[PDB]
Amino acid sequence: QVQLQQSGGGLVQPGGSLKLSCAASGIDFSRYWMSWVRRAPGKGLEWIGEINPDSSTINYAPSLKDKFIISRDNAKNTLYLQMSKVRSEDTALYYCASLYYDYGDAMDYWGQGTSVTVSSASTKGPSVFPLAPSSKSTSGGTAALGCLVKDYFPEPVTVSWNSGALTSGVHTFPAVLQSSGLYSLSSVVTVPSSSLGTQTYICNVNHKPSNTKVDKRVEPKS
Amino acid sequence: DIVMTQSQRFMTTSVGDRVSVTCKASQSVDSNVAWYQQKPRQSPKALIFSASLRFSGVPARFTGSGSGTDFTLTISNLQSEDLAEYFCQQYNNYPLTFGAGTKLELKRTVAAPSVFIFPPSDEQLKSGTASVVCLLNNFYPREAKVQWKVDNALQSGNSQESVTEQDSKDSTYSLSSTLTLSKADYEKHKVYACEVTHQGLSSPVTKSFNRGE
């Protein structure tokens, strides 16, 4: 089993520095060319650079030579990306990948990816508000309810319902970046209208960057 | 830099069909082209290299063709596990560059959205801001329009929407729209309405509430 285990990253200040790591297992790391690639929000993948087995060749995308240093430590089976003088444009998901040098710079194995956010803003936990089921909800039909997870930074949050016991009919939407620079998302669930008087519905929200955990009861309103 | 252009960002298909994804390079890249598969919340997986050769383990129903500028990935007898995004890459010169990708979705019958509106909670209003949420649930196809009307006046610039990936079981989409207002503005209006148009609806569907009722 080939695996590239990435670590590092997170939220950094503009002008800050950050070192990403990529640990290889299941291959003879010291024989492989390695690459870094990233994807900014809403964009296509972009190559950052590559390094050969003994580090005597390091090639960079030209626009990025200034901000990125690629290195490797073969004894640790590890590849590194040092980021410096970062700006908000460097907010992206960063991947390491092995190169298929028997034929060319195709990328035959990919790490799981590391999220980096560059911003001057501080970590902020969300507020969690109920999306209460309508009182007009069709008699004997289907009701919708949810939780609005508002004003957090950086990504990600996670949402479960009834501590993971409720999964059918759940839709947790992608986060949106608000004009305030904070994220928001909603999680909804559809359930029988007849169950609103009996079953309790609780959305379990975690925001690990701020160490925020909210268990919000969602009740019909009076 | 070489630009790799994928002429369709989205393709609808069906299990068992043949599907072809195209990729066009802005200048010749010989046969130095690779193809990748990527599914939501997963990393890419390599499929093709040297334009037409498979990586090991890749099923034979994936083939590739082309040389110079025009490249094609063909999937014969599409399987449900092949529903994914597909993107090309050139490795003829530096910088290495990638296509933006073509996402496959599964055709199903038209399904109108089930629409729900949610007033802001009392807890939120203490904050000074009000969010009004409109949910469009389990519809197909993905195209839908949501308009917000406050005291019957069409709103613009103060809503955002988000859409789920296609559901693996029932092949539908869901969509939320959030209208953001100050509490003070919220309290100055009576009627909040979400108006939805979709191919499955012969006329638009409106969900609304009067503030306070």
Side-chain angles (χ1 to χ4, degrees), chain A residues 4 6 20 22 24 31-40 42-53 55-72 79-83 89-90 92-114 116, chain B residues 1-6 21-38 43-55 64 66-73 85-102:
Chain A
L4 303 178
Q6 301 189 230
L20 310 192
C22 172
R31 165 281 199 91
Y32 289 75
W33 291 66
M34 301 294 305
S35 186
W36 288 99
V37 181
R38 66 176 176 182
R39 188 201 290 279
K43 298 203 185 176
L45 291 158
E46 167 184 49
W47 175 69
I48 294 163
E50 69 186 2
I51 178 165
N52 73 341
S55 298
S56 67
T57 299
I58 313 179
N59 307 312
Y60 296 94
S63 34
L64 310 177
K65 167 75 175 179
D66 49 327
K67 290 205 272 222
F68 295 100
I69 285 52
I70 295 162
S71 62
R72 67 191 296 157
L79 170 79
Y80 305 100
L81 182 69
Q82 175 73 53
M83 310 172 40
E89 251 183 352
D90 301 309
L93 187 68
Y94 285 77
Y95 292 98
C96 60
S98 71
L99 292 172
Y100 193 55
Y101 186 68
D102 283 350
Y103 286 89
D105 281 353
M107 277 147 235
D108 55 332
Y109 297 107
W110 295 66
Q112 87 277 11
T114 293
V116 174
Chain B
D1 303 6
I2 292 176
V3 176
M4 311 290 291
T5 290
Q6 290 181 242
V21 177
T22 64
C23 172
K24 181 153 180 65
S26 53
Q27 80 197 48
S28 171
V29 297
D30 294 347
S31 281
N32 306 132
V33 163
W35 289 93
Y36 305 82
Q37 179 191 72
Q38 187 176 23
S43 300
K45 313 299 171 211
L47 302 173
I48 303 293
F49 66 95
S50 212
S52 62
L53 299 178
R54 282 190 291 288
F55 288 91
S67 164
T69 56
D70 297 28
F71 301 88
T72 306
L73 176 71
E85 181 148 347
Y86 292 86
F87 61 87
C88 55
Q89 179 220 334
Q90 66 85 17
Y91 54 90
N92 182 263
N93 49 274
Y94 299 118
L96 309 180
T97 50
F98 298 83
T102 297

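Atom set for the values below is all heavy atoms of this structure, side chains included, hydrogens, waters and symmetry mates excluded. Chain identifiers are assigned alphabetically (A, B, ...) following the order of the sequence lines, protein sequences preceding nucleic acid strands; residue numbering begins at 1 within each chain.
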Inset, instruction - Could you pull out the closest heavy-atom pair between A/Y100 and A/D108, with the gap in Å? - result: CD1-OD2, 3.7 Å

Going by atom type alone, with no hydrogens or angles, which donor-acceptor pairs under 3.5 Å involve a side-chain atom of residues 89-99 of chain B and a protein atom two or more places apart or on another chain?
unit_1 : atom_1 : unit_2 : atom_2 : d
B/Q89  : OE1    : B/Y36  : OH     : 2.7
B/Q89  : NE2    : A/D105 : O      : 2.9
B/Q90  : OE1    : B/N92  : N      : 2.8
B/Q90  : OE1    : B/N93  : N      : 3.1
B/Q90  : NE2    : B/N93  : O      : 3.2
B/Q90  : NE2    : B/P95  : O      : 3.0
B/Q90  : NE2    : B/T97  : OG1    : 3.1
B/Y91  : OH     : B/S50  : N      : 2.7
B/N92  : ND2    : B/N32  : OD1    : 2.8
B/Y94  : OH     : A/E50  : OE2    : 2.8
B/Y94  : OH     : A/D105 : OD2    : 3.2
B/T97  : OG1    : B/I2   : O      : 2.8

Inset, instruction - Could I get the full list of side chain to side chain contact (heavy atoms under 4.5 Å, CB included) partners for A/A40, not counting sequence neighbours? - result: A/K43, A/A92

Inset, instruction - Can you measure from CE (B/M4) to CG (A/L45) and round to the nearest 0.5 angstrom? - result: 13.0 Å

Inset, instruction - Just jot down the side chain to side chain contact (heavy atoms under 4.5 Å, CB included) partners of A/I51, sequence neighbours excluded, or say none. - result: A/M34, A/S55, A/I58, A/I70, A/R72, A/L79

Inset, instruction - Check the surroundings of atom OH in A/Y101: do more than 12 heavy atoms from other residues, nucleotides or ligands lie under 6.0 Å from it? - result: no

Inset, instruction - List in chain and number order the residues that pass salt bridge (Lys or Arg N to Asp or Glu O under 4.0 Å) with A/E46, two or more places apart in sequence or in another chain; answer none if no residue qualifies. - result: A/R38

Legend entry - CG on A/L99 to CH2 on A/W33, rounded to 0.5 Å: 8.0 Å

Inset, instruction - Kindly state each residue pair satisfying salt bridge (charged side-chain N to carboxylate O under 4.0 Å, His left out) with at least one member in residues 24-35 of chain B, sequence neighbours excluded. - result: B/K24-B/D70

Inset, instruction - Kindly compute the distance separating CZ (B/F55) from CG (B/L47), expressed to the nearest 0.5 Å. - result: 8.5 Å

Legend entry - Test item: A/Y94 and A/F68 side chains (from C-beta on) under 4.5 Å apart, heavy atoms: yes

Legend entry - Residues in side chain to side chain donor-acceptor pair (under 3.5 Å) contact with A/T57, at least two apart in sequence or another chain: none

Legend entry - B/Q38: partners by side chain to side chain contact (heavy atoms under 4.5 Å, CB included), with sequence neighbours left out: A/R39, A/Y95, B/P44, B/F87

Inset, instruction - Not counting sequence neighbours, which residues clear side chain to side chain donor-acceptor pair (under 3.5 Å) with B/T102? List them please. - result: B/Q6

Legend entry - salt bridge (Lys or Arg N to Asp or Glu O under 4.0 Å) partners for A/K65, two or more places apart: none

Inset, instruction - Using a 4.5 Å cut-off on heavy atoms from C-beta on, say whether the side chain of B/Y86 contacts that of B/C23. - result: no

Legend entry - Rounded distance (nearest 0.5 Å) linking atom CD of A/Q112 with atom SG of A/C22: 8.0 Å

Legend entry - From A/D90 atom CG to A/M83 atom CE, the distance as rounded to the nearest 0.5 Å: 5.5 Å

Inset, instruction - Over all heavy atoms of both residues, which pair between A/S98 and A/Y32 is shortest? Give the atoms and the distance, please. - result: CB-CD2, 4.4 Å

Legend entry - With A/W47 via side chain to side chain donor-acceptor pair (under 3.5 Å) - residues at least two apart: A/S35

Inset, instruction - Please name the pair of heavy atoms, one in A/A106 and one in B/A34, separated by the smallest distance, quoted to 0.1 Å. - result: CB-CB, 3.9 Å

Inset, instruction - Measure the spacing between OH of A/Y80 and CG of A/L20 and express it to the nearest 0.5 Å. - result: 12.0 Å

Legend entry - Non-neighbouring partners of A/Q6 that pass side chain to side chain donor-acceptor pair (under 3.5 Å), sequence neighbours left out: A/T114

Inset, instruction - With sequence neighbours left out, write down each residue that passes salt bridge (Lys or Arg N to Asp or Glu O under 4.0 Å) with B/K45, or none if nothing qualifies. - result: none

Inset, instruction - Would you check if the side chain of A/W110 reaches a backbone N or O of A/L4 as a donor-acceptor pair within less than 3.5 Å? - result: no

